[PDB]
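how would this look folded up:
(2 chains)
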Amino acid sequence: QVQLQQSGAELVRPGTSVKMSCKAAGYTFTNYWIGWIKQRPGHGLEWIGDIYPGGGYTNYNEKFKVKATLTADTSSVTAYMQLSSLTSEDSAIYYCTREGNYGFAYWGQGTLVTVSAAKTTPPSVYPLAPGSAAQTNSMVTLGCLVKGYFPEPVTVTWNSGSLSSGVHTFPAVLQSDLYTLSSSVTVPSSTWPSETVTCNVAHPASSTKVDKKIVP
Amino acid sequence: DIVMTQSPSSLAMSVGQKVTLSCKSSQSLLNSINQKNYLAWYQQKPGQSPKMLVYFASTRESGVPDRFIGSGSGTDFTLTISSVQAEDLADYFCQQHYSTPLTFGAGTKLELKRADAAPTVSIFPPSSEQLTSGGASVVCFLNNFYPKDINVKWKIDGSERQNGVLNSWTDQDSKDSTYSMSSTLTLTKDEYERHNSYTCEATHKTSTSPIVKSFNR
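Numbering: from 1, shown residues only, chains lettered A, B, ... in the order given. Take a look:
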């Protein structure tokens, strides 16, 4: 069966270039067009261009003629897209597709590209207690604020993952060219502060782990 | 060149009954010869690759159930799902395959209908270690509300500003189908010690009076 396998995620810096792959296995590779689609958060889907690995090769979008050159290797099945002059607005997920008469119908796994000049920095985590002056009614909600890290996600758990009920983690938000998020957990007042509650955060990029208890 | 306007933004209907999606084209997509509307409907599950549902604006793709009915002509096109199931939760795009460059629609997102639930608001003052190393950031949480439509407003004992207000909305829960949201007030330790009351208000359909949580420094 046909299948499109794309290269891994590319975390790079602004101004530089990036080339990704798209291996086409399961059909006559040099007989179909290969289209490239961009999906950026907030701008839907966009078509960059197609390439025919035969004679007449490429056909580009208007806004993607200087950037995102296309090349193919008819010998070893692969399709390449060469991005250039990378700016922050080029962070998106890029798919390769096998174009047809009525559409694509055959997509690749996808390659996530992220561009930023932020140096890889470990996060700093701060407990979030409700405060002594409060009206804690039955359930008490605690937080773990994670600020100033780059890149990738941070894996946050509560009591090494033993406490997962009522846990809400929020998507990361870029701030001052550094990521930031927070997590919330609701526990009964009969348990806290009677029992300790800790958030464990792991930054696989910087390879750090921080466990900080929530104290009143 | 060709603009694809999808409607509506995002509908959340219960399972069992039929839903409909519309797609308007800025120009006719119907070829005079071989009279076929070059428009295709795709479906993309949450956090995945899009899968084509309907092509040539009427015919289904092999492997798609017959509940996905595509119709329309010229500039107005429609995709209906006769009996919505859990396996239909995704976002759907209409794409014209007639002119270059090829263009998509913004996409309509499908959610699950529910009953109204007020948010659980809880504010948090800055930590001790945050002040000794850095500034001061207030945290506000809004947990498990339906629908997603919500707005947050801060206030600093009379004053108010949007500077240093970074928010974060979650997606619909894959269990209770609720929405959550956080809000931060990133300041410095300097201008934090000259104010007393810090509050975090909301505005939800459940209560005519907002949910207010404040604290004195």
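
kindly report the domain assignment for the chain.
Picking chain A for this. Domain assignment for chain A by curated CATH domains gives A:3-115, A:124-214.

think we crossed wires, I meant chain B
B:4-110, B:120-216.

next, format the ones you listed as CSV and append mean neighbour count and distance to chain A.
Every residue, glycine included, has its C-beta placed from N, CA and C. CSV is the format used below for these (neighbours: other Cβ atoms under 10 Å in any protein chain shown; distance: least, Cβ to the nearest Cβ, whole Å):
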stretch, mean neighbour count, distance to chain A
domain B:4-110, 17, 4
domain B:120-216, 17, 4
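
present the domains of chain A as CSV; the columns should include distance to residue B:155 and mean neighbour count.
Formatted as CSV, these follow (distance: least, Cβ to Cβ, whole Å; neighbours: other Cβ atoms under 10 Å in any protein chain shown):
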stretch, distance to residue B:155, mean neighbour count
domain A:3-115, 29, 17
domain A:124-214, 18, 17
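
just put those domains in TSV and tack on distance to chain B.
What follows is the domains of chain A, written out as TSV (distance: least, Cβ to the nearest Cβ, whole Å):
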stretch	distance to chain B
domain A:3-115	4
domain A:124-214	4
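
so can I have TSV of those domains showing distance to residue B:201?
As requested, the domains of chain A are exported to TSV (distance: least, Cβ to Cβ, whole Å):
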stretch	distance to residue B:201
domain A:3-115	27
domain A:124-214	17
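
and residue B:154, what is it in contact with?
Applying Cβ atoms under 8 Å, 6 or more residues apart in numbering or on different chains to residue B:154 gives the contacts B:138, B:140, B:160-161, B:165, B:183, B:185, B:198-201.

and for residue A:183?
Taking Cβ under 8 Å, 6+ apart as the definition, contacts of residue A:183 comprise A:143-144, A:146, A:156, A:158, A:167-170, A:199.

how about the domains of chain B in a markdown table, adding distance to residue A:33?
Formatted as a markdown table, the domains of chain B follow (distance: least, Cβ to Cβ, whole Å):
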| stretch | distance to residue A:33 |
| --- | --- |
| domain B:4-110 | 11 |
| domain B:120-216 | 34 |
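
out of the ones you listed, the one nearest residue A:191 is which?
For the domains of chain B, the distance to residue A:191 is smallest for domain B:120-216, at 16.6 Å, taking Cβ to Cβ.

distance between that closest one and the chain's centre?
Centroid displacement of domain B:120-216 relative to its chain, using Cα atoms, centre = their mean, to the nearest Å, is 20 Å.

that domain: end-to-end distance?
20 Å (Cα to Cα, to the nearest Å).

what about residue B:104, which SS state?
strand (DSSP: H, G, I helix; E, B strand; the rest coil).

hang on, it packs against residue A:39?
No. Residue B:104 lies out of contact with residue A:39 (Cβ atoms under 8 Å); the separation is 9.4 Å.

mind listing the shared neighbours of those two?
A:45-46.

before we move on, the earlier item: of all the domains of chain A, which one comes closest to residue B:94?
Across the domains of chain A, closest to residue B:94 is domain A:3-115 (Cβ to Cβ), at 10.6 Å.

endpoint to endpoint, the closest one covers what distance?
Span of domain A:3-115 from end to end, Cα to Cα: 28 Å.

residue A:32 touches residue A:96, doesn't it?
No. Assessed by Cβ under 8 Å, residue A:32 is found out of contact with residue A:96, at 11.5 Å.

the residue of chain A positioned farthest from its centre and residue B:214: what is the separation?
Within chain A, the residue lying farthest from the chain centre (Cα atoms, centre = their mean) is residue A:133, at 39.8 Å. Distance of residue A:133 to residue B:214, given as Cβ to Cβ, to the nearest Å: 11 Å.

kindly report the same for residue B:208.
19 Å.

ok, residue A:98 next?
Counting by Cβ to Cβ - residue A:98 and residue B:214 are separated by 58 Å.

do the same with residue B:65
For residue B:65, the distance to residue B:214 - Cβ to Cβ - is 52 Å.

please apply the same query to residue A:68.
51 Å.

swap in residue B:114?
Remark: distance between residue B:114 and residue B:214 (Cβ to Cβ) = 29 Å.

for the residue lying closest to residue B:10 once chain neighbours are set aside, list each beta-bridge partner.
Of all residues not flanking residue B:10 in the chain, residue B:109 sits nearest, at 4.0 Å (Cβ to Cβ, 6 or more residues apart in numbering or on different chains). With DSSP bridges as the criterion, residue B:109 is bridged to residue B:10, residue B:91.

identify the residues contacting residue B:109.
Going by Cβ under 8 Å, 6+ apart, residue B:109 touches B:9-10, B:91.

what are the pairing partners of the helix or strand in which residue B:43 is found, and which direction each?
Following DSSP states H and E, one finds residue B:43 within strand B:39-44. In the sheet, strand B:39-44 lines up against strand B:50-55 (antiparallel), strand B:91-96 (antiparallel) (DSSP bridges).

to residue B:71, which of the ones you listed lies closest?
Closest to residue B:71 of the strands paired with strand B:39-44 is strand B:50-55 (Cβ to Cβ; 9.2 Å).

which other residues reach the closest one?
Strand B:50-55 is contacted from outside by A:45, A:95, A:102-105, A:107, B:40-45, B:60-61, B:64, B:68, B:70, B:79, B:92-93, using Cβ under 8 Å, 6+ apart.

how near is whatever residue is furthest in space from the centre of chain B to residue B:82?
In chain B, counting by Cα atoms, centre = their mean, residue B:33 sits farthest out from the average C-alpha position, at 40.0 Å. Distance of residue B:33 to residue B:82, computed by Cβ to Cβ: 33 Å.

same check on residue B:132?
62 Å.

what of residue B:96?
Distance of residue B:96 to residue B:82, computed by Cβ to Cβ: 25 Å.

repeat for residue A:216
Going from residue A:216 to residue B:82 by Cβ to Cβ gives 55 Å.

do residue A:66 as well
46 Å.

wait, residue A:116 touches residue A:13, no?
Yes. Taking Cβ under 8 Å as the definition, residue A:116 is a contact partner of residue A:13 at 7.2 Å.

could you export stretch A:41-54 as PDB, CA atoms only?
Output of stretch A:41-54 as PDB, limited to C-alpha atoms (Å, rounded to 0.1, in the frame of the first residue of the first chain):
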ATOM      1  CA  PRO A  41      -1.900  27.600  14.500                       C
ATOM      2  CA  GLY A  42      -4.500  30.200  13.600                       C
ATOM      3  CA  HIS A  43      -4.200  30.200   9.800                       C
ATOM      4  CA  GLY A  44      -5.700  26.900   8.800                       C
ATOM      5  CA  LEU A  45      -4.200  25.000   5.900                       C
ATOM      6  CA  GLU A  46      -2.200  26.500   3.100                       C
ATOM      7  CA  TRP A  47      -0.800  25.000  -0.200                       C
ATOM      8  CA  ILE A  48       2.800  25.600  -0.900                       C
ATOM      9  CA  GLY A  49       3.400  23.800  -4.100                       C
ATOM     10  CA  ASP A  50       3.600  20.400  -5.900                       C
ATOM     11  CA  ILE A  51       6.400  18.600  -7.600                       C
ATOM     12  CA  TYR A  52       6.200  15.900 -10.300                       C
ATOM     13  CA  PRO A  53       9.300  13.600 -10.000                       C
ATOM     14  CA  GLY A  54       9.300  13.000 -13.800                       C
END
